[PDB]
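Only one structure is covered here, and it is reproduced in the block below.
Note: ideal-geometry Cβ built from the backbone for every residue, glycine included; neighbour counts use all protein chains shown. All of this is worked out from the model, or read from it or from the source named; these are not laboratory values.
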Amino acid sequence: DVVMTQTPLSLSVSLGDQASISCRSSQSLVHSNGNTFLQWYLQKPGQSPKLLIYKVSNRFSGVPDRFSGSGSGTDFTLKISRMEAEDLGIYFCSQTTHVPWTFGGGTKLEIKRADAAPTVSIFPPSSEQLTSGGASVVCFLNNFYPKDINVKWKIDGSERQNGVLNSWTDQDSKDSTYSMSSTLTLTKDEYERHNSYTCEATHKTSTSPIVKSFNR
Amino acid sequence: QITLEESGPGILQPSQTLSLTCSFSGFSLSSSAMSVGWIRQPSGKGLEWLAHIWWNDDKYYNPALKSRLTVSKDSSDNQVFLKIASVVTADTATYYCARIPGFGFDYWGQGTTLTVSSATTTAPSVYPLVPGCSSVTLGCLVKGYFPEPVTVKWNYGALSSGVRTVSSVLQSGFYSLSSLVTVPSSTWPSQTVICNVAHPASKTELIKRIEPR
């Protein structure tokens, strides 16, 4: 099979800056006819792949001028001349000149923007959940950069680590920020046992945690 | 208006046959040059070409899967089909069909997610995030469900700016996520804010109004 090697595996690019993505072939991608069938795709978060560049260098109806392809035979390059916020996602090369048709491993392109502190919200468990014997306290760190963030949960001023599930969003298409939710899940009985519920974000924008609490 | 749309069971038990359909419009097979292909992607992993059928009935298969795969078409119904025999856990993936004019893949349908599991399908429970019960952040939390995926929308899709939906988390055989929107204060609660949560595998279409107290 034709092995497609993609470089780099991940790239962090500032807005307006240039980015190059390499794609190398284990066999020559020149067909007998004698076109070179190397295609580039962008897969945006939660979306299916979109064709950017076909047959090495042809830019596909709708694709901005900022995207370009070059290369020959075995060595191929996608270029984004000026990085925009919406260019987030995973870039893939296809060969279709040899069967089996094979893809590159992907290049995750992330946008490097100015630092941003999170906006923190805490949400008590809903009445509808409490009615069914469960209690999830959710907390909710909106629009940081960068991605690295720590959350600590406190019940009555004492740290809790059991029953915590953390999850991030994908970087945002317009402001280039991340979000994450931390969810402490208890039973109704255990939730009704305690009063103070506290979450705190430390993030590199501040050495001091942004603290949010409710009492019930 | 080129479009492609795939459909599958969502969930399937090990060893049974997977039947996928690709429905399309804007082009015809039997129109010449003209092919539809099948590609799969396991979660957070690479793309794998599976098969494609041309307008002349020429069929091409991935050697690593060939003897389990069967492409066919119905050009009059604008449909392409893929059969995968005796399915295993590794067949869990999002499946795409895509049009091939020449050369590649251009479009690309939405994908259909398939999970190979012996487990019951379980619909989600959906709960307010209310603060707490200039701009205000509200959400919907989205627990208990199997298999993937869930679709979350706000105001039937009319509210799309300010939406942040975190990726799912698997724990104790069930997935969960939360989706939040930041509106304007003026906004809510003076105007209606609703989350729409769809879980196709359980045929679930539920709705949560975000109420204050």
The residue from B:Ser160, B:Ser167, B:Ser179 that alone is on the phi < 0 side of the Ramachandran plot and either surrounded by 20 or more Cβ atoms within 10 Å (Cβ to Cβ) or among the acidic types (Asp, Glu) (or both) is B:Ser179
Cβ-Cβ below 9 Å, separation at least six or inter-chain, first residue in the stretch A:158-179 and more than 11 Å from chain B (Cβ to nearest Cβ) and charged (D, E, K, R), second in a strand (DSSP E or B) and crowded, with 17+ Cβ neighbours inside 10 Å: which pairs? A:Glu159/A:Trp153; A:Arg160/A:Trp153; A:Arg160/A:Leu184; A:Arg160/A:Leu186
Residue tally, condition surrounded by 22 or more Cβ atoms within 10 Å (Cβ to Cβ) and either touching an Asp or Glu at 6+ places or on another chain (Cβ under 7 Å) or at the interface with another protein chain (Cβ under 10 Å from one of its Cβ atoms) (or both), over the stretch A:110-123: 2
Consider only pairs whose beta carbons are under 9 Å apart and that are at least six residues apart or on different chains; among these, list those whose first residue lies in the stretch A:102-120 and is closer than 18 Å to A:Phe92 by Cβ and whose second residue is part of a loop (DSSP other than H, G, I, E, B) and among the basic types (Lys, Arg). A:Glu110/A:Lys147
Would you confirm whether or not the stretch B:139-151 contains a residue that is closer than 14 Å to A:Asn142 by Cβ and either buried (at least 16 other Cβ atoms within 10 Å of the Cβ) or not basic (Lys, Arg) (or both)? yes
Please count how many residues of the stretch A:147-166 are farther than 17 Å from A:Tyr191 by Cβ and crowded, with 17+ Cβ neighbours inside 10 Å. 2
The residue from B:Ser118, B:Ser125, B:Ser176 that alone is more than 20 Å from A:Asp170 (Cβ to Cβ), in contact with a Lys or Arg (Cβ under 7 Å, 6 or more places away or on another chain) and small (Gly, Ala, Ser) is B:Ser125
Looking only at the stretch A:98-109, how many residues end up being more than 22 Å from A:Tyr178 (Cα to Cα) and more than 10 Å from every other protein chain (Cβ to nearest Cβ)? 1
If I filter the stretch B:153-170 for residues that are within 17 Å of the chain's Cα centre (by Cα), more than 10 Å from chain A (Cβ to nearest Cβ) and not in a loop (DSSP other than H, G, I, E, B), do I get at least one hit? yes
Inspect all residues belonging to the stretch B:128-151 and state whether any of them is of a type in the set (A, V, I, L, M, F, W, C) and touching a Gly at 6+ places or on another chain (Cβ under 6 Å). yes
Being of a type in the set (S, T, N, Q) and touching a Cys at 6+ places or on another chain (Cβ under 7 Å) is true for just one of B:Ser172, B:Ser179. Which residue is that? B:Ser179
Just checking, does the stretch A:138-153 include any residue being in a loop (DSSP other than H, G, I, E, B) and facing chain B (nearest Cβ under 10 Å)? no
B:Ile207 meets each of (1) more than 12 Å from chain A (Cβ to nearest Cβ); (2) assigned to a strand (DSSP E or B); (3) over 17 Å from the mean Cα position of the chain (by Cα); (4) surrounded by 15 or more Cβ atoms within 10 Å (Cβ to Cβ) with one exception, condition (4)
Mind checking which residues of the stretch B:17-33 are part of a loop (DSSP other than H, G, I, E, B) and within 21 Å of the chain's Cα centre (by Cα)? B:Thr17
So B:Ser178 passes all but one of these: (1) small (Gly, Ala, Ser); (2) within 14 Å of chain A (Cβ to nearest Cβ); (3) outside any strand (DSSP E or B). Which condition number does it fail? (3)
Return the residues of the stretch A:21-59 that are surrounded by fewer than 16 Cβ atoms within 10 Å (Cβ to Cβ) and either among the small types (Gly, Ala, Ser) or not assigned by CATH to the domain that holds A:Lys79 (or both); say none if nothing qualifies. A:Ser26, A:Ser28, A:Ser32, A:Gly34, A:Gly46, A:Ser57
Please enumerate the residues belonging to the stretch A:55-78 that are within 19 Å of A:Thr7 (Cα to Cα) and part of a strand (DSSP E or B). A:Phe67, A:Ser68, A:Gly69, A:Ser70, A:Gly71, A:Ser72, A:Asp75, A:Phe76, A:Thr77, A:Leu78
Restricting the search to the stretch B:91-123, which residues are assigned to a loop (DSSP other than H, G, I, E, B) and either farther than 17 Å from B:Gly37 by Cα or in the same structural domain as B:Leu170 (by CATH) (or both)? B:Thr92, B:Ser117, B:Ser118, B:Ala119, B:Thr120, B:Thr121, B:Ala123
Any residue at all in the stretch A:64-75 that is among the charged types (D, E, K, R), farther than 30 Å from B:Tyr95 by Cβ and more than 25 Å from the chain's Cα centre (by Cα)? yes
In the stretch B:181-195, what count of residues is obtained for those that are away from chain A (no Cβ under 11 Å), under 21 Å from A:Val137 (Cα atoms) and either polar (S, T, N, Q) or in contact with a helix residue (DSSP H, G or I) (Cβ under 6 Å, 6 or more places away or on another chain) (or both)? 1
What is the residue count in the stretch B:124-150 for residues that are within 7 Å of chain A (Cβ to nearest Cβ), of a type in the set (A, V, I, L, M, F, W, C) and not in a strand (DSSP E or B)? 2
